[PDB]
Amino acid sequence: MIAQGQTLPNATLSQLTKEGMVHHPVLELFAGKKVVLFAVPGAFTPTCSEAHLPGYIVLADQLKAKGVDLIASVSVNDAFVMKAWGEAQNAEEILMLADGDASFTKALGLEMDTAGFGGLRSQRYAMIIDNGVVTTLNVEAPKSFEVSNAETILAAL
């Protein structure tokens, strides 16, 4: 998988705007910013709340107070589903990003096969990204109960 100190893959993530589909080069979107990015295996799927959208929603103020410019949620889902999920969660403060063909996730080496559930999806992870460089990367290790969360990211700041 990607290492700390490496620049993110020079790839895109998509978002639905009033302009239609926008494909953000992540290295442009995250340039000049301290960014918190977290991934889930799917929009609307269950994850310990502290480790995905609800956790980052309630910690958003504290994260921004410690210098985070942008908090973003990514998943192997399309941009319509990601928009709907943000709306359902009232994810005001969080940028919803779509990796619909799993290309960004595979470039990170953080894909996983869910077989009949949903095909290839993302592992759960969270990053602090400084000007496009991965500074902190925490990846779920479910068999050993490595129970990292938004607080883990807050403390890394």
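Residue indices: 1-based, along the sequence shown.
- For the pair 28-36 and 52-60, the mean Cα B-factor is higher in 52-60.
- 117-125 and 41-49 differ in mean CA B-factor, and the higher of the two is recorded for 41-49.
- Across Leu70, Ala107, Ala65, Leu97, the greatest Cα temperature factor reported in the deposited entry is at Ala65.
- In the PDB entry, the Cα temperature factor peaks, among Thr135, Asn10, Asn138, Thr17, at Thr17.
- When all modelled residues of the chain are sorted by CA temperature factor, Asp101 is found within the middle third.
- The entry lists a Cα temperature factor for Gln6 that places it in the middle third of the chain's modelled residues.
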